[PDB]
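One chain is shown next in structure tokens, namely the form deposited in one PDB entry.
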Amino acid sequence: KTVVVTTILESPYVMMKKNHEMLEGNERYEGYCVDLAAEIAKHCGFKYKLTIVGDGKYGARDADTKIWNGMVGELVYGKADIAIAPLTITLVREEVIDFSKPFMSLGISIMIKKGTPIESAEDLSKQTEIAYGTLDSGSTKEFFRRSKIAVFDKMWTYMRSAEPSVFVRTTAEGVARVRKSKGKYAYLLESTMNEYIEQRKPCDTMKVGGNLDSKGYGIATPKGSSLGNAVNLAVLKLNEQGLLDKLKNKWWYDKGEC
């Protein structure tokens, strides 16, 4: 009956409300995806329960145990009925789960501490003083591990062998590493997260260069789910009406601190 929604604590998509300990259920959270979940649920006619993914990961298949972790795993093993999060539509995921059309368009980008003498991925590749990495588990890391493009393959060769590790467990961790590294660490992450952080105090980071690729985030459901069709139609309707743009403005720029 009640649809179990798996999501992730990733700002500004889902965050704990300041007074969450005094609130119950869905009311404990706020964010772009919290607002989107309420709308998808109204338009599809279902009751739901927001739940934060237990391992705090997006979703990758372990080469070895072949088990899917993160939000993708929750859907694959039937622990959740739908994922409403900044989950990237990728070929490997689409093979095991269904995705609505994109509710957000984006691409991999570079985040630097202001003043870092880096303007592009080519710049990062040709040097070694400034370290750089990605989220330890996700579509960004996979983009690099599989690129057949020279500059990106060179970047992957470096990243996968860098010691100490240049990979981070969460986006917040990558952001803090950039902030505390005096310009010696650049972070590769999705343009959406980059743009958000650029509008957050202490306003010491910046998005540089163009996006490395083009892709989108989709609402995911277990392969063959009853919800897929309606959820997809809802995403298309909300985009055409302008709600998605409204929500991005609300969470990225209307409340910007810089």
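Definition used throughout: the rigid core is the maximal C-alpha set that superposes within 1.5 Å between two forms. Numbering starts at 1 and runs along the sequence shown.
The discussion below concerns the form deposited in another entry, not included here.
For the residues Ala80, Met104, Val72, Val178, superposed on the rigid core between this form and the one not shown, a C-alpha shift of 2 angstroms or more shows up only at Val178. Core-superposed comparison between this form and the one not shown: the Cα of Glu122 travels 2 Å or more. If you fit the rigid core between this form and the one not shown, you'll see the Cα of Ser137 move by 2 angstroms or more.
After superposing the rigid core, the C-alpha of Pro202 moves by 2 Å or more between this form and the one not shown.
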